[PDB]
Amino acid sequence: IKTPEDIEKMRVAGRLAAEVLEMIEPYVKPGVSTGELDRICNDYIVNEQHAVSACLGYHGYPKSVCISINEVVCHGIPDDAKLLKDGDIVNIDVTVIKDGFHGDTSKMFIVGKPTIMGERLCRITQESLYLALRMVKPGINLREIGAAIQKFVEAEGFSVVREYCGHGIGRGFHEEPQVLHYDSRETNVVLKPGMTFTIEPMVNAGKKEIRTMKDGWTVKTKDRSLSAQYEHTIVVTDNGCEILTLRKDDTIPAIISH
């Protein structure tokens, strides 16, 4: 449970994280390397935002952002040799620390000519984040929120990745609680005002199972189906929530009141 002043620090950090995604958007084009995208992000964070990437060095992570293409579910490592191409779907997952507090958000970019199925998976995944956000208010259990995401996603013939989840966030990067995106008999966390955490559903076109690669980081779908993710950092309010990482292109308001 964060203090008013700490919540303010989270607004600042969350805005910065959102702004990295706004900044990078025009660079997300056929032909660019994920390596360069990462350099551009890191330069912006250090030099213009006077912040730091939370990811760089975190538990040994080598880069400043995670960039995940098509069948890669999460933790794609920027690389100078990996070029974006027409029809790709790409997640850029950003976390910045500013004044001791973390802001954590990601979105999908569609590269070149969108494919109908890429467009669909991306839209449905964002909608699954959106429906979750509209549920958030004190007195609700996280279990219900995980359950609703799962129900929505699967009704689309998609699946929810189980190995990854949203999380409490503040002066730490991945704090309690775990925010599962599916119904779990383990989840029992009733929301309270001032809690800050993320919601970050990872949705596969095919089966839920994943595979980790040999670089200690990159995760793909076991069946090599497409996978998409969107993420926001939020604070629970008296009556709902406030999205700390909102972007210009978000089709949901910052403050959600009940």
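The numbering used is simple: start at 1 and walk along the sequence shown.
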| item | value |
| --- | --- |
| Given 14 to 22 and 232 to 240, the range whose Cα B-factors average higher in the PDB entry | 232 to 240 |
| Average Cα temperature factor in the PDB entry - higher stretch of 190 to 198, 64 to 72 | 190 to 198 |
| Given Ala148, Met117, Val160, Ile124, the residue at which the Cα B factor reaches its maximum | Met117 |
| Out of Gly112, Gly168, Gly103, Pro78, highest CA B-factor residue | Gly112 |
| CA B-factor ranking of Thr95, expressed as a third of its chain | lowest |
| Ranked C-alpha temperature factor of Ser184 among modelled chain residues, by third | highest |
| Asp223, C-alpha B-factor rank within chain (lowest, middle or highest third) | highest |
| Third of the chain, ranked by Cα B-factor, where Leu56 sits | highest |
| Lowest, middle or highest third - CA B-factor, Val153 | middle |
